[PDB]
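Asks: Read in order, the letters of the sequence shown correspond to residues 1 to 260 in UniProt numbering. Note that the Cβ used here is the ideal one computed from N, Cα and C, for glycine as well.
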Amino acid sequence: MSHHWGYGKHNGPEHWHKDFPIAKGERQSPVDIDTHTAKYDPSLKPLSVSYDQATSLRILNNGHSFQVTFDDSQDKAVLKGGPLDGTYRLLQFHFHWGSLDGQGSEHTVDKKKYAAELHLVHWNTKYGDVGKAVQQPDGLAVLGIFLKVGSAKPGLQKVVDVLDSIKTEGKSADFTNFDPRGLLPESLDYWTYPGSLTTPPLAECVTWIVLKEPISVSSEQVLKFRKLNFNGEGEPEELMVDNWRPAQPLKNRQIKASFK
Ligand SMILES: NS(=O)(=O)O[C@@H]1CCN(S(=O)(=O)[C@@H]2O[C@@H](CO)[C@@H](O)[C@H](O)[C@@H]2O)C1
Ligand SMILES: [Zn+2]
């Protein structure tokens with residue numbers, strides 16, 4: 001682990017615990033979602049996704065994934081309801097994906113892996129900033145959406161068409177006026193459980209909300225993901241693929257379903 005942590009043989013998920021011991025903790029993510037062990041909870045409220053006033057800012061290759069960042073200095077794009085108390089502001093979204101279509105997601109469903117997984121990261125406004133929020137058990141809410149390969153998702157195309165401009169670690173570009181509502185499936189049926197960040201620092205601060213319905217993206221769209229680089233410009237080229245953490249022990253946790 002040598003280390004800027006990563007996803008390779010010598011620095012991947014099996015190594016992370018040496019610098020982040022909470023990697024072996026009691027509420028780590030992702031997990032396998034066993035669909036007939038998850039319990040329908042009729043007391044769960046509908047999810048409220050209010051993204052109409054979202055202000056995207058930049059798109060960035062951060063060396064492990066790429067992310068689109070939002071203005072979170074006001075309640076512009078917020079997640080409420082469902083299992084959540086209070087208001088969670090959208091900070092960024094990013095993806096995890098594979099080298100082949102049969103792997104790439106972090107969560108699995110009855111051990112099924114998807115080609116990729118979208119994470120919309122939100123933080124609890126009662127903690128004032130995201131740095132304080134990550135130190136709280138209910139500091140973050142991450143909305144997880146599965147991607148399967150099939151037909152193209154029109155709302156994703158603006159993202160994949162700028163990836164050639166952020167190929168290597170550290171590169172960023174203007175990415176204004178992007179509407180994240182174009183990345184959502186029809187249904188907001190979800191599973192939810194208490195968990196963690198799936199990358200270092202692996203903080204146990206996340207209420208996970210994982211949508212049942214995957215979105216479909218085209219083979220050409222995911223192929224553009226796989227052209228990104230882990231490396232910085234000028235370094236030996238290592239394609240950014242398989243940047244997913246595998247499923248972790250569920251331990252003393254129950255996954256609840258919002259739907260029957
Ligand atoms: N997966 S998640 O739990 O929904 O959110 C985590 C937290 C934020 N991302 S991230 O922006 O992709 C990630 O975060 C950083 C540190 O926490 C970077 O060190 C790093 O370069 C990286 O790409 C993953
Ligand atoms: Zn993620």
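To the nearest angstrom, how far is the alpha carbon of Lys212 from that of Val149?
Replies: Taking the straight line from one Cα to the other gives about 16 Å.
Asks: Using the beta-carbon count (16 or more within 10 Å), is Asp72 buried or exposed?
Replies: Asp72 comes out buried.
Asks: How do the region 243-258 and the region 29-36 stand: do at least 3 beta-carbon pairs fall below 8 Å, yes or no?
Replies: Yes, since at least three Cβ pairs between the region 243-258 and the region 29-36 fall closer than 8 Å, the two stretches touch.
Asks: Please name the residue in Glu204, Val162, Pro201 whose C-alpha comes closest to that of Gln221.
Replies: Among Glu204, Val162, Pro201, the Cα nearest to that of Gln221 is on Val162.
Asks: Rounded to the nearest angstrom, what separates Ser151 and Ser216 at their Cα positions?
Replies: Between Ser151 and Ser216, the C-alpha separation is close to 6 Å.
Asks: Can you look up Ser218 in the DSSP assignment and give me helix, strand or coil?
Replies: Three-state DSSP puts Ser218 in coil, outside helix and strand.
Asks: Under the DSSP definition of a beta bridge, which residues are partnered with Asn124?
Replies: According to DSSP, which records beta bridges pairwise, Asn124 is partnered with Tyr88.
Asks: Closer than 8 Å is the cut-off here; do at least three beta carbon pairs connect the region 174-193 with the region 9-20?
Replies: The region 174-193 is not in contact with the region 9-20.
Asks: By Cβ distance below 6 Å, which residues in the same chain neighbour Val121 in space, the five residues on each side in sequence not counted?
Replies: Once the five neighbours on either side are set aside, the close Cβ partners of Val121 are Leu91, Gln92, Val142.
Asks: Below 6 Å CB to CB, which residues in the same chain sit around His64 once its five sequence neighbours on both sides are set aside?
Replies: Once the five neighbours on either side are set aside, the close Cβ partners of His64 are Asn243.
Asks: Cα separation between residue 311 and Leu228?
Replies: In the structure as shown, the chain starts at 1 and stops at 260, and residue 311 therefore has no counterpart that could be examined.
Asks: What's the gap between the Cα of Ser219 and the Cα of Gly139?
Replies: One C-alpha to the other measures close to 35 Å.
Asks: Given a cut-off of 8 Å on the beta-carbon distance, is the pair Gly170 and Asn252 in contact?
Replies: Cβ distance not < 8 Å, so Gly170 and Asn252 don't count as in contact.
Asks: Do you know how far the Cα of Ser43 is from the Cα of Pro200?
Replies: Distance between the alpha carbons of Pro200 and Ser43 is about 33 Å.
Asks: Can you tell me whether DSSP reads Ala23 as helix, strand or coil?
Replies: Three-state DSSP puts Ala23 in a helix.
Asks: State yes or no: is the C-beta of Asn62 nearer than 7 Å to some heavy atom of ligand 1?
Replies: Answer for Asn62: yes, Cβ within range of ligand 1.
Asks: Can you find a heavy atom of ligand 2 that lies under 7 Å from the Cβ of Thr198?
Replies: It does: the Cβ of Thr198 is within 7 Å (strictly closer) of some heavy atom of ligand 2.
Asks: When the distance is taken between beta carbons, is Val160 closer than 8 Å to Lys112?
Replies: No, Cβ-Cβ distance for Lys112 and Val160 is not below 8 Å.
Asks: Looking only at DSSP bridge pairs, what is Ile33 linked to?
Replies: DSSP, once it has assigned bridges, lists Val109 as partnering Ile33.
Asks: Return helix, strand or coil for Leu44, following the three-state DSSP convention.
Replies: Reduced to three states, the DSSP call for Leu44 is coil.
Asks: So which of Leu156, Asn124, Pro154 has the shortest CA-CA distance to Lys80?
Replies: Closest by alpha carbon: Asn124.
Asks: From this set, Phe20, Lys18, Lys9, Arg89, which residue's C-alpha is nearest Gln74's C-alpha?
Replies: Nearest option by C-alpha distance: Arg89.
Asks: Under three-state DSSP, which class holds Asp161?
Replies: Of the three classes helix, strand and coil, the one that applies to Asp161 here is helix, per DSSP.
Asks: For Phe66 versus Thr55, is the C-beta distance shorter than 8 Å?
Replies: Not in contact: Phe66 and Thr55 (Cβ atoms no closer than 8 Å).
Asks: Under three-state DSSP, which class holds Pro194?
Replies: Note: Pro194 maps to strand in three-state DSSP.
Asks: Can you give the Cα-Cα distance for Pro214 and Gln135, rounded to whole angstroms?
Replies: About 30 Å.
Asks: Quick check on the DSSP output: the alpha helix (DSSP H) that includes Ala133 runs from which residue to which?
Replies: Note, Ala133: alpha helix (DSSP H), 130-133.
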